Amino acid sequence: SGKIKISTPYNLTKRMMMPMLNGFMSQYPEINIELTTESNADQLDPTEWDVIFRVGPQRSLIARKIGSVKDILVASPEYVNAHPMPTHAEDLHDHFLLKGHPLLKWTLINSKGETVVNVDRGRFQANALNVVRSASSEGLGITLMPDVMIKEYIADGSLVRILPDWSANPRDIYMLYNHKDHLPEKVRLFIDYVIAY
């Protein structure tokens, strides 16, 4: 066509998928990108998109890992200064929790194999993550959020890591497409530029 059709995860687009595209379009001023942000990539099929970025497997298509994220628990310094903070991950029931898609079910694990699972009704639940980060900045509860999204917020004192020995199983970002012999030349150069990262 006269464009390439991308799919991209909802929350991690701005920080991990943009420097790659903002350097790609700067290398090819003749290519047009159309980006779409999705919540459930399980309802997508591959022939309607050139390449598909996604967190998780595909349940056919090429599946390559470009990066990964690990999820941390954070709250505002205003929030920790207002209550005695939890020392064991099961004390999360006695706190305000801010959940966001796709992390509505917190699965945490410490050292030597203890797993805690939290499936609650948080004080503020949403389908995006950048918006519950805005909630924990004011200090209205605790949030589990990927490393890449808050790495600047936490590094300034705007948010602090709590329960530092409790982490989440990492999730990896996968890029999907059909066999290269079935896609135009414009799609190939984008694919290999991503792998060049």
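Residue numbers here begin at 1 and follow the sequence given.
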remark   = Of 95-103 vs 112-120, the stretch with the larger average CA B-factor in the entry is 112-120
ask   = Based on what the PDB entry reports, which of 130, 143, 158, 47 has the top C-alpha B-factor?
value = 47
inquiry  = Among the choices 52, 61, 149, 33, identify the one whose CA B-factor in the record is greatest.
reply    = 61
remark   = In terms of its chain's C-alpha B-factors, the third that includes residue 169 is the middle
task = Report the third (lowest, middle or highest) to which the CA temperature factor of residue 66 belongs, ranking only the modelled residues of the same chain.
result = middle
ask   = Of the three thirds of its chain by CA temperature factor, lowest, middle or highest, which one includes residue 82?
value = middle
